[PDB]
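This text opens with one protein chain seen in two forms, each one given by itself as structure tokens under the names structure 1 and structure 2.
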Structure 1
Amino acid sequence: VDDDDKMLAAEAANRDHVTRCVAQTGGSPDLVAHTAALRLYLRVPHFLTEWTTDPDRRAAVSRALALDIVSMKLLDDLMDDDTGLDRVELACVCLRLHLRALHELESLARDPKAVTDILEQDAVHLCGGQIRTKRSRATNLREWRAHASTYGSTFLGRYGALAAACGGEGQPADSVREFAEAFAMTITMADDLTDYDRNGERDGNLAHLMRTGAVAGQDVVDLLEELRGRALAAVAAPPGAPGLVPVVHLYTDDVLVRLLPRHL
């Protein structure tokens, strides 16, 4: 019925698609549960596919994306080697999800070629940015936003792009992406402001900068409002994706109301 019902049912669809795949490739119970806990990553393909009208195609695209996004997160876990999962399972499963994603994605694009074009377009900016990020810590909001604009904006924006290519009409590609890129920074900040109490982890960068006073409350607030506005702007372009308006709001207020206080 309501929209929260579709999101919830999409998340489930995607989680199940992902796990069937993880298990039928040899991944273990640990790994299958690991991937099933990737809550927001399994839900975001839903948002990126809001412009897609056919529900059949929407579902298909939605999960092909969940597959690749899960894959990239597995790789990120592989490089950091801190989750306690088996590196072999991690590398092998990761690769297998990605290959299924390409395949399913290309089976849905107008032009199969569009998928690799997109993934290539800024592969250097993303992988290059992922290294530099992990290399040096940022020391102010400006460095933070730049660092974040890669493992966040660039990373999620490619999927907005793919989502627009595997969806057909009723799709304004630039805007879908503009949306993915703003929403990403928002959730990135949140993830950077949440600490979940795991081994040798400590405090999110941005969180740290906030506590050292090196980054000000109002500026983080400013930023959040900039991203909110930018997201709303993108779901308004024709033909809009009105459904994302409450979503934009939900996650943005969430950081404002819930998370920020812990640091101010």
Structure 2
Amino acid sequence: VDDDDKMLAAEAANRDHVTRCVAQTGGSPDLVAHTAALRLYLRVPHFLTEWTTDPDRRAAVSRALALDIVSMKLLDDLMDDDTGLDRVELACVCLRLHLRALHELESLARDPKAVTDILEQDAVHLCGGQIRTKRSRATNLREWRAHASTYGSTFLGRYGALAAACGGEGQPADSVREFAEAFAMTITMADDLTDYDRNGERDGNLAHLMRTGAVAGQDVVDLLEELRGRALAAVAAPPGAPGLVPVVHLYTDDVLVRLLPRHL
């Protein structure tokens, strides 16, 4: 039973927890399926909980983070209003998953107050950040990274902070967050460079900027290596999460080898 085996079981368990919840609260088959298709979003909680040694606690935190992450993702679908899904179901399922995540996370936290502390702390940065990202679309790498540091980094950083607050002891809180924020940006880039063709995304889209020449391929490679370095550093602080090293290399290399060539 290796790490891949653990990751795969975690993702399946998170997916089932999510779909059961969506279905019981009235979600239609189409909305349940949409939810089951958020693969990386259902997997990411497993990485964030890599520092949790108790396996039962780890699976509990993982699935609770997955409920809220899916919830925020549905809220995002609701703001772009472009999935064809019923807005009433989206909004209602979004709320229901979120409230269940709050309840599950608070029951796991050493101090239940820490959950709302973390969620309130940089709420203005995250929400005001998402508004500006859509207002003024990015035109170069500086601007792209600035926006992504909110809806990507701060967004995952919070779940990183929640994993440490709900994960028992032996948890270097600042490092789990540091890992989440650097890792988030690597996958946010991956997403941009994938959703260019799969979503017809242009304005503010990193792949678009690379193709139009507003952004240099070497700078994207540089950013990816900076993020790889920051993530590796975060997982090496004590107690340490060595299992995350191959994961950081996997997602970074995938962007360098598969995704970048598609835009240069």
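Each form is matched to the other, and the largest set of C-alpha atoms that superpose within 1.5 Å is called the rigid core. FYI, numbering is relative to structure 1, first residue = 1.
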item	value
Entry of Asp222, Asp203, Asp54, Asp30 that shows, once the rigid core is matched between the two structures, a C-alpha shift of 2 Å or more	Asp203
Between the two structures, how far the Cα of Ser136 shifts once the core is aligned, in Å	1.3
Core-referenced Cα shift (Å), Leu85, between the two structures	0.3
